[PDB]
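Take a look at this one chain, the form deposited in one PDB entry, written out in structure tokens.
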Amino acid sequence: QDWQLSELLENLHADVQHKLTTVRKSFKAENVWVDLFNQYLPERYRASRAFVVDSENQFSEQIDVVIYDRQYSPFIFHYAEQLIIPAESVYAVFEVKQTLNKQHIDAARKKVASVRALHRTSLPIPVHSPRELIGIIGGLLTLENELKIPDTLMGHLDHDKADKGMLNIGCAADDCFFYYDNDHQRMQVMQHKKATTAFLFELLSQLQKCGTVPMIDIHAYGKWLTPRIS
């Protein structure tokens, strides 16, 4: 029963997972999630606490966990010891909060909203048309779920897809994960003892369906240095 695919999946990155459960039990956070994501995610992706910036000199607020393209990113900024990432590079943004409740849900929606409100550029490619903008994943990462009734959480998580604050995924470590399905066109909540690894696999699945990074308009950033003649 060791060489059971089920067992291999649970044992995958066991150590970082164990760090998260201890934190959950010490509450009964932020850095563990960043660590967790960077272990599970393929090389193309990196996770970090960070601000997001766009080529219109607009900045998000500090985002507890940003997942961005490290491999094909043309630049990432460092002010002091802070990371500032171009919006075009961002795949997902998460709020971290100890507890999953109506208020932190709303707090997550506002952080996600502030990133999606940024302006992202996308060029055409040799001549194809410019690529559709990636749909940025928004979520909430918590240690203890305070909405024990699946109805009392289902309700406060029903948000419209046009809404820029909508949460695509979220987790209460070792307790439950939720996510939005398109086939079903609804939110779905799953209460499971292994919800952290199941949440991660869901995340990998949504990342895989995001789409390829569009071509950044590098001149839309370079215009902050020199003029252009039409």
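So that there is no doubt, residue numbering starts at 1 and follows the sequence shown. So that the term is clear: the rigid core is the largest set of C-alpha atoms that superpose within 1.5 Å between two forms.
Note that the form deposited in another entry isn't included here; everything after this is about it.
**Student:** Honestly, after the rigid core fit, is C210 moving at least 2 Å at Cα between this form and the one not shown?
**Tutor:** No, shifts by less than 2 Å.
**Student:** Since the CA distance of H13 and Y45 differs by 3 Å or more in that other deposited form, is it closer or farther than in the form displayed?
**Tutor:** Residues separate in that other deposited form, at least 3 Å farther apart.
**Student:** So the CA-CA distance for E43 and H13 moves by at least 3 angstroms in that other deposited form. Closer or farther than here?
**Tutor:** It is farther: the C-alpha separation of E43 and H13 rises by at least 3 Å in that other deposited form.
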